[PDB]
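Q: an experimental structure, sequence included, is below.
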There are 4 protein chains.
Amino acid sequence: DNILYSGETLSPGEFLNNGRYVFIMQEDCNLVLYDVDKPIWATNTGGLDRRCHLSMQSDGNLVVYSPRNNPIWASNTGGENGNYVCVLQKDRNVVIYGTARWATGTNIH
Amino acid sequence: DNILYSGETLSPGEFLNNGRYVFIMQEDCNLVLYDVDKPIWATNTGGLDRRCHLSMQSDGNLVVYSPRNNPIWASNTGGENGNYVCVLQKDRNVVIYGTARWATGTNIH
Amino acid sequence: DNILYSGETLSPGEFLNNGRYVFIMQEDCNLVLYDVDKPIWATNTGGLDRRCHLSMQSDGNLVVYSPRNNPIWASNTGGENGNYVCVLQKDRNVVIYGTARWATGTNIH
Amino acid sequence: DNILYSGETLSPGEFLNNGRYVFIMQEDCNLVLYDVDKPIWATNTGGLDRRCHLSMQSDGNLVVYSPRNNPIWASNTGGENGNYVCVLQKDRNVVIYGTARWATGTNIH
Ligand SMILES: OC[C@H]1O[C@H](O[C@@H]2[C@H](O)[C@@H](O)O[C@H](CO)[C@H]2O)[C@@H](O)[C@@H](O)[C@@H]1O
Ligand SMILES: OC[C@H]1O[C@H](O[C@@H]2[C@H](O)[C@@H](O)O[C@H](CO)[C@H]2O)[C@@H](O)[C@@H](O)[C@@H]1O
Ligand SMILES: OC[C@H]1O[C@H](O[C@@H]2[C@H](O)[C@@H](O)O[C@H](CO)[C@H]2O)[C@@H](O)[C@@H](O)[C@@H]1O
Ligand SMILES: OC[C@H]1O[C@H](O[C@@H]2[C@H](O)[C@@H](O)O[C@H](CO)[C@H]2O)[C@@H](O)[C@@H](O)[C@@H]1O
Ligand SMILES: OC[C@H]1O[C@H](O[C@@H]2[C@H](O)[C@@H](O)O[C@H](CO)[C@H]2O)[C@@H](O)[C@@H](O)[C@@H]1O
Ligand SMILES: OC[C@H]1O[C@H](O[C@@H]2[C@H](O)[C@@H](O)O[C@H](CO)[C@H]2O)[C@@H](O)[C@@H](O)[C@@H]1O
Ligand SMILES: OC[C@H]1O[C@H](O[C@@H]2[C@H](O)[C@@H](O)O[C@H](CO)[C@H]2O)[C@@H](O)[C@@H](O)[C@@H]1O
Ligand SMILES: OC[C@H]1O[C@H](O[C@@H]2[C@H](O)[C@@H](O)O[C@H](CO)[C@H]2O)[C@@H](O)[C@@H](O)[C@@H]1O
Ligand SMILES: OC[C@H]1O[C@H](O[C@@H]2[C@H](O)[C@@H](O)O[C@H](CO)[C@H]2O)[C@@H](O)[C@@H](O)[C@@H]1O
Ligand SMILES: OC[C@H]1O[C@H](O[C@@H]2[C@H](O)[C@@H](O)O[C@H](CO)[C@H]2O)[C@@H](O)[C@@H](O)[C@@H]1O
Ligand SMILES: OC[C@H]1O[C@H](O[C@@H]2[C@H](O)[C@@H](O)O[C@H](CO)[C@H]2O)[C@@H](O)[C@@H](O)[C@@H]1O
Ligand SMILES: OC[C@H]1O[C@H](O[C@@H]2[C@H](O)[C@@H](O)O[C@H](CO)[C@H]2O)[C@@H](O)[C@@H](O)[C@@H]1O
């Protein structure tokens, strides 16, 4: 998957992928972007705690939470309630977009 | 591909796909969403002209243009200049999100 | 997924996909290959029964079984026991390959 | 792409991908399988020369050729002429299958 939708989370070891790029919520609590074997971006929160999770929230904020549910990193983009997306793009950028401006209304459960 | 980025276009016969779903700019100028062999949404512009193209614009508007570059359908979401995305989602909805709220800044050319 | 590995099955409504192509084991027991909304190949077993499953076997034979576990269509490629793959290719062909000639041996659970 | 078909090649820097796995023909002539940032298998031909290419041949042999078109590594699976596939699987194994046993015959240009 290349998208983390608002209301979804990445558990320890889970990730987004796109070609040779991997965006992973590591077990050591560091959120890192890799280009094959080379790290190119990170939250620099490795070794702070064990088994953290990443959450794309409905308020638009992207946050890393500790095992005790305390934030340890955030994009600082919390605002109006709505629908957002965190995308690992084909050009190697990781971007948050929102809110939803238009839709076909063809969603299913 | 499941995303049409702002500044990109779908030429006649091109499309977005996601599992069993296909969102295609048909040669008959009708933009249609299919669930395998069943059409579930369309712009209802079939037979109006031949070889139209779809454009996700930098102003946030999604537009179908005729071979003479005249609009024949639009999402009516034009506004502030920026970065947007049109996504064919895993839940079968087609949604426009934007503008960009945050990014890692790791893009390459 | 674009591959059905030997030892796996497609349940009623399940499928393989690749771009604008879908290879689906339909609820009406007909196994069909679609190019967007157009059927291009089928087992022609629609109407015989409901809820059939497709199985890529370890003997190399691809078989459609009825709800009573009786075969109603097969590729007739049964042979030596081994590892095989049924692939929905990027060129629109559906092909069975095997057995395995070589491997890195890096498989994990 | 998760498959390298017979008759195709991977140029320097090109690769196969599947989720968090990448199988790349590196510019340093070393063919390596990575699990995110960790190498798990390699031809061990790094440093021998620069700009080598990987070829999945119609005789079933997977070969790494130097810039002077001399083989420097091979799977030793050459045999009858036909159709084969080198697949980077979802279970992390890299495997060669062939020849083709059956097909729908729906291939197009
Ligand atoms: O330290 C073991 C750890 O190494 C790799 O992750 C790295 C660490 O999170 C950290 O020092 O920051 C690096 C990015 O700046 C990051 O690569 C991984 O191999 C990980 O799996 C391993 O646990
Ligand atoms: O404010 C509502 C919001 O609170 C919690 O998330 C927090 C906010 O997104 C923000 O101000 O930044 C915090 C991290 O710096 C973040 O925890 C959550 O409880 C969320 O569900 C709620 O909507
Ligand atoms: O409107 C775009 C939006 O549609 C779907 O979410 C829906 C909306 O959030 C809302 O009006 O209530 C619906 C029921 O709770 C909900 O499904 C999704 O497809 C979402 O991804 C999309 O952004
Ligand atoms: O009319 C030929 C045309 O049929 C199918 O497209 C359909 C048309 O665009 C129209 O009548 O509206 C339908 C959705 O409401 C749509 O499916 C396709 O098979 C197309 O390829 C073909 O040219
Ligand atoms: O307004 C600037 C914009 O103009 C043209 O696009 C138009 C607008 O997006 C909008 O008001 O709706 C029209 C269709 O109803 C659409 O054509 C383009 O020239 C675009 O590039 C430009 O930014
Ligand atoms: O900022 C998010 C944005 O980054 C990349 O686009 C860049 C910006 O639009 C801008 O500041 O100028 C850059 C050079 O013109 C441009 O690349 C893309 O990754 C884009 O998709 C993303 O939304
Ligand atoms: O309406 C029944 C059935 O129609 C479509 O499947 C078709 C049938 O299986 C049959 O007549 O053979 C066709 C291929 O030659 C095939 O398309 C689908 O729309 C299916 O979902 C539906 O149940
Ligand atoms: O022969 C062992 C094999 O038997 C059953 O599969 C059958 C064979 O693959 C073949 O001769 O063709 C039959 C359909 O025409 C097919 O059922 C299964 O029981 C299988 O598990 C077993 O390996
Ligand atoms: O050898 C290629 C083969 O490896 C894996 O399957 C394994 C073999 O079939 C065998 O030696 O026994 C193992 C345990 O039963 C089995 O995992 C898979 O990666 C398979 O896809 C591949 O063809
Ligand atoms: O720095 C050179 C080279 O390092 C990495 O590739 C490694 C080498 O090919 C070699 O020492 O063998 C390793 C596998 O056993 C392999 O990882 C990559 O970072 C590569 O891009 C780089 O050129
Ligand atoms: O034998 C015909 C074959 O020759 C060359 O490939 C070689 C063979 O696949 C094999 O015996 O092993 C060699 C590496 O050890 C390999 O080069 C090619 O010229 C090929 O095109 C041809 O089919
Ligand atoms: O038969 C399976 C095979 O079909 C297609 O390749 C074709 C055959 O190799 C052959 O009969 O000649 C054709 C023209 O040279 C060739 O296209 C492909 O779909 C291939 O991937 C597949 O294995």
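A: Looks like it came in fine. Numbers count the residues shown, from 1 in each chain, chains lettered A, B, ... in the order given. Ligands and ions are numbered 1, 2, ... in the order given.
Q: isn't residue A:77 up against residue A:96?
A: Yes. Using CB atoms under 8 Å, residue A:77 is in contact with residue A:96, at 6.0 Å. Heads up, the C-betas are built off the backbone N, CA and C, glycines and all.
Q: which residues do these two both contact?
A: A:60, A:62, B:101-102 (CB atoms under 8 Å, 6 or more residues apart in numbering or on different chains).
Q: and which of those residues is nearest ligand 3?
A: residue A:60 (12.3 Å; CB to the nearest ligand atom).
Q: does that closest one sit in a helix, a strand or a coil?
A: Judged by DSSP: H, G, I helix; E, B strand; the rest coil, the three-state class of residue A:60 is coil.
Q: what's the distance between the nearest residue to residue A:42 once chain neighbours are set aside and residue C:67?
A: Using CB to CB, 6 or more residues apart in numbering or on different chains and skipping the chain neighbours, the partner closest in space to residue A:42 is residue A:32 (4.3 Å). Separation of residue A:32 from residue C:67 (CB to CB, to the nearest Å): 49 Å.
Q: out of the two, which sits in the busier spot?
A: residue A:32 (21 against 12; other CB atoms under 10 Å in any protein chain shown).
Q: and the helix or strand containing that one, does that touch ligand 10?
A: Secondary structure from DSSP states H and E places residue A:32 in strand A:31-35. No. Contact of strand A:31-35 with ligand 10 (CB under 6 Å from any ligand atom) is absent, the minimum separation being 9.6 Å.
Q: just the element for residue A:64, please.
A: Going by DSSP H and E, residue A:64 is in strand A:62-65.
Q: now for residue A:44: which residues touch it?
A: residue A:30.
Q: one step back: which elements pack onto the strand holding residue A:32?
A: strand A:21-25, strand A:38-42 (3 or more CB pairs under 8 Å, 6 or more residues apart in numbering or on different chains; DSSP states H and E).
Q: what's the angle from it to strand D:31-35?
A: 160 degrees (axes from the mean of the first three to the mean of the last three CA atoms, to 10 degrees).
Q: strands paired with strand A:31-35, and their directions?
A: Paired strands of strand A:31-35, with direction, are strand A:21-25 (antiparallel), strand A:38-42 (antiparallel) (DSSP bridges).
Q: quick check: which of the helices and strands packed on strand A:31-35 is nearest to ligand 12?
A: Set against ligand 12 and scored by CB to the nearest ligand atom, the helices and strands packed on strand A:31-35 come closest in strand A:21-25, at 28.4 Å.
Q: got a list of contacts for the strand holding residue A:64?
A: Strand A:62-65 has contacts (CB under 8 Å, 6+ apart) with A:25, A:29, A:31, A:43, A:45, A:52-57, A:71-75, A:77, A:86, A:96, B:102.
Q: one more time with 6 Å
A: If you take CB atoms under 6 Å, 6 or more residues apart in numbering or on different chains as the criterion, strand A:62-65 is touched by A:31, A:52-56, A:71-75, A:86, A:96.
Q: tell me the buried residues in stretch A:100-109?
A: Using 16 or more other CB atoms under 10 Å in any protein chain shown as the test for burial, stretch A:100-109 gives A:100-104, A:106.
Q: can you give me the end-to-end distance of stretch A:45-53?
A: With CA to CA, to the nearest Å as the measure, the first residue of stretch A:45-53 is 12 Å from its last.
Q: ok, is that stretch in contact with ligand 1 or not?
A: Yes. Shown here: stretch A:45-53 in contact with ligand 1 (CB under 6 Å from any ligand atom) through residue A:46.
Q: equivalent analysis for stretch A:72-79, please.
A: No. Applying CB under 6 Å from any ligand atom, one finds stretch A:72-79 out of contact with ligand 1, separated by at least 13.0 Å.
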